[PDB]
Amino acid sequence: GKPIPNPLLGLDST
Amino acid sequence: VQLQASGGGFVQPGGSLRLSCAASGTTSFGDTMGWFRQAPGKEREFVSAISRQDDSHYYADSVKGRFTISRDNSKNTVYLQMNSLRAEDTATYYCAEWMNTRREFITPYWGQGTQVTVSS
């Protein structure tokens, strides 16, 4: 699909 | 893009649901799988993602601690368990697979949604 904002920016991972 | 979400339905507040996101197994779009949700009249909201570099799990602040994302692998499926649901979690839930860019934008490859309605 068309590009969208990267939703993982600013999030911590575990 | 065959990425069907299932597991939706009617649930009472406090209940749980386990959603399923069945990937191709033939084609990978492909290092990250995330769950998004969309409610009538609201903006699309990112929920959770699982990304392979070693399995990394991401959660939106609004579902952190209540939701769990996981993968079966043997069945090419990503699960989203949603616990202690509330009226504001009502929405269509759907998956996308993408390559984590670590940049401003991603290119999502979208699956079809399943409906979750939290009501009395």
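Note: ideal-geometry Cβ built from the backbone for every residue, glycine included; neighbour counts use all protein chains shown. Every read-out reported here was derived from the displayed coordinates using simple, explicitly stated rules and does not represent laboratory data.
Conditions (1) more than 9 Å from chain A (Cβ to nearest Cβ); (2) of a type in the set (A, V, I, L, M, F, W, C); (3) exposed (fewer than 13 other Cβ atoms within 10 Å of the Cβ), marked per residue:
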position	(1), (2), (3)
B:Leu3	yes, yes, no
B:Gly7	yes, no, no
B:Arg18	yes, no, no
B:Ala23	yes, yes, no
B:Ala39	yes, yes, no
B:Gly65	yes, no, yes
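Just to be sure, is B:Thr92 within 14 Å of chain A (Cβ to nearest Cβ) and β-branched (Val, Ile, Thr)?
no
Which one of the conditions (1) away from chain A (no Cβ under 14 Å); (2) closer than 16 Å to A:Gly1 by Cβ does B:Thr101 fail to meet, given that it meets all the rest?
Every condition holds for B:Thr101 apart from (1).
Please note which strands (runs of 3 or more DSSP E) are completely contained in the range B:1-96 and include at least 2 residues that are in contact with a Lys or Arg (Cβ under 8 Å, 6 or more places away or on another chain) and not β-branched (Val, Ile, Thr).
Once the strands (runs of 3 or more DSSP E) in the range B:1-96 are filtered for at least 2 residues that are in contact with a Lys or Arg (Cβ under 8 Å, 6 or more places away or on another chain) and not β-branched (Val, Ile, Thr), what remains is B:32-38, B:77-82.
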